[PDB]
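**Student:** For the sequence shown, the positions run 1 to 255 when my numbering is used.
Ideal Cβ placement from N, Cα and C applies to all residues, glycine included.
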Amino acid sequence: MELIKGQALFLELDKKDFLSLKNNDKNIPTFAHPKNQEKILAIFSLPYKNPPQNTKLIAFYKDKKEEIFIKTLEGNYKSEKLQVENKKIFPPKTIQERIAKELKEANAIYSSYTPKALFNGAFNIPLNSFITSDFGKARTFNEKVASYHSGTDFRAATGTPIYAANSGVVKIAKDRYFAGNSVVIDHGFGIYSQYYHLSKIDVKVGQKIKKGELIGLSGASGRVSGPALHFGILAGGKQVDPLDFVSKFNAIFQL
Ligand SMILES: CC(=O)N[C@@H](CCNCC(=O)O)C(=O)N[C@H](C)C(=O)NO
Ligand SMILES: [Zn+2]
Numbered sequence: 001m002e003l004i005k006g007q008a009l010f011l012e013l014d015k016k017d018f019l020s021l022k023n024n025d026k027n028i029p030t031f032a033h034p035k036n037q038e039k040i041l042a043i044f045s046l047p048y049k050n051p052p053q054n055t056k057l058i059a060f061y062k063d064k065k066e067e068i069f070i071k072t073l074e075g076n077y078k079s080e081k082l083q084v085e086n087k088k089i090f091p092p093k094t095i096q097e098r099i100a101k102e103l104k105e106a107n108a109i110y111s112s113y114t115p116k117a118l119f120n121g122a123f124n125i126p127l128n129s130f131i132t133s134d135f136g137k138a139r140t141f142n143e144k145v146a147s148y149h150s151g152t153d154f155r156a157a158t159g160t161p162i163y164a165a166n167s168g169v170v171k172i173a174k175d176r177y178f179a180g181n182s183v184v185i186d187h188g189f190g191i192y193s194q195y196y197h198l199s200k201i202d203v204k205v206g207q208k209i210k211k212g213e214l215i216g217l218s219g220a221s222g223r224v225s226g227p228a229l230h231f232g233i234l235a236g237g238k239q240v241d242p243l244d245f246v247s248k249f250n251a252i253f254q255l
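Shown next as structure tokens:
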């Protein structure tokens with residue numbers, strides 16, 4: 001198949017006599033297809049930066065192996081040039097220490113697989129606004145991708161109510177460098193939704209959260225370009241296009 005970089009894909013496989021799904025030595029977890037009872041699903045994601053040109057997954061059954069080839073497409077993302085580049089910039093050690101601490105914490109959370117659905121039906125947009133800045137907007141130097149927008153920004157004045165996109169469990173709920181006042185919800189199967197730059201947090205860590213229920217107010221914390229909501233989805237161990245993902249997810253899990 002063909003898959004644009006920075007997107008997710010729902011693999012469909014025969015359930016019966018299935019043993020494992022792999023990508024080199026890396027395992028990929030599977031879950032039940034809710035409509036069809038003879039199928040199982042698995043989420044595969046390509047990174048936006050440095051994606052492999054091609055990927056070969058192998059589904060091992062008791063009676064056969066079954067290869068899946070996935071071609072990486074460049075897509076149609078916006079891209080501006082730079083005349084500056086990296087400089088592994090030199091922050092004060094007090095901040096280096098904080099970033100590294102918050103990075104450790106995030107990786108422990110995002111690599112903590114929950115093998116059951118914590119969601120309830122389809123995802124909803126966290127607020128009824130519109131996109132001010134799209135996912136995948138990139139800054140290039142010598143046609144190599146330096147950085148990119150890892151989520152999508154909605155129009156929101158400071159203090160706009162934000163609602164949970166789907167049911168889950170709260171894993172993060174605090175101020176962080178870069179993200180500002182953050183909230184991260186685990187929905188199960190390595191699917192996490194992210195709500196950054198809040199002015200105000202209304203939830204606690206480990207709290208069981210329901211869809212359409214309030215998680216905080218929008219703001220501009222840790223943000224330079226002013227008030228707005230940043231919404232992100234991490235799935236298959238990677239940041240992916242949220243709106244593209246929601247479309248594909250809802251196609252399957254719609255009630
Ligand atoms: C901690 C961090 O690096 N956050 C990045 C996105 C990556 N999230 C991964 C994570 O939080 O673990 C970020 O805050 N981008 C802001 C929202 C932006 O681009 N606004 O316009
Ligand atoms: Zn953003």
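Taking DSSP's pairing of strands, which residues face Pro126 in a bridge?
**Tutor:** None; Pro126 has no bridge partner.
**Student:** So which residues touch the region around ligand 1, with touch meaning a C-beta under 5 Å from any heavy atom?
**Tutor:** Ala106, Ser150, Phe178, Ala179, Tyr196, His230
**Student:** Let me know the secondary structure DSSP gives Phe245 once reduced to three states.
**Tutor:** helix
**Student:** What do you get for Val246, buried or exposed, if any count of 16 or more other CB atoms within 10 angstroms of its CB means buried?
**Tutor:** buried
**Student:** Tell me which residue opens and which closes the beta strand (DSSP E) that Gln239 is part of.
**Tutor:** 238–240
**Student:** Please report how far the alpha carbon of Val145 lies from the alpha carbon of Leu19, in whole angstroms.
**Tutor:** 38 Å
**Student:** What does DSSP give as the partner residue(s) for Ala59 in the beta ladder?
**Tutor:** Partner(s): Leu21, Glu66.
**Student:** Is any heavy atom in ligand 2 found nearer than 6 Å to the beta carbon of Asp25?
**Tutor:** Outside the cutoff, so no.
**Student:** Give me the residue from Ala235, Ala157, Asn166 with the minimum Cα distance to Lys200.
**Tutor:** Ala157
**Student:** Report the start-end ranges of each alpha helix (DSSP H) in the region 135–202 that is 4 residues or longer and not cut off at the edges.
**Tutor:** none
**Student:** Near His149, what residues of its chain come up, given a Cβ to Cβ distance below 8 Å and the 5 sequence neighbours on each side ignored?
**Tutor:** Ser133, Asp134, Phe135, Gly136, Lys137, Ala138
**Student:** Taking its Cβ as the centre, do 16 or more other Cβ atoms sit within 10 Å of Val205, making it buried, or is it exposed?
**Tutor:** exposed
**Student:** Straight-line CA distance for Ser112 to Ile191?
**Tutor:** 11 Å
**Student:** Alpha carbon to alpha carbon, how far is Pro91 from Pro29? Give it in angstroms, no decimals.
**Tutor:** Taking the Cα positions, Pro29 is about 39 Å away from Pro91.
**Student:** Mind the definition here: the region 37–54 touches the region 78–90 only if three or more C-beta pairs lie below 8 Å; say whether that holds.
**Tutor:** The region 37–54 is not in contact with the region 78–90.
**Student:** Kindly indicate which residue of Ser129, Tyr177, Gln7 has the alpha-carbon position closest to the one of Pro161.
**Tutor:** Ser129
**Student:** For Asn250, name the three-state secondary structure that DSSP assigns.
**Tutor:** helix
**Student:** Say whether the region 225–235 touches the region 63–79, bearing in mind that this needs 3 or more beta-carbon pairs closer than 8 Å, one atom from each stretch.
**Tutor:** no
**Student:** Since I believe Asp153 is in contact with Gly6 (beta carbons under 8 Å), could you give me their beta-carbon distance rounded to a whole number of angstroms?
**Tutor:** Rounded, the Cβ-Cβ distance is 16 Å, inconsistent with contact.
**Student:** Going by DSSP in three states, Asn86 sits in which element: helix, strand or coil?
**Tutor:** coil
**Student:** Under 8 Å by Cβ, that's how I've got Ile131 and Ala164 pegged, so tell me the actual separation to the nearest angstrom.
**Tutor:** The Cβ separation is near 19 Å, so there is no contact.
**Student:** Any chance the CB of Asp153 is under 6 Å from a heavy atom of ligand 2?
**Tutor:** Inclusion of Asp153 in the 6 Å shell around ligand 2 follows from its C-beta lying nearer than that to a non-hydrogen atom of the ligand.
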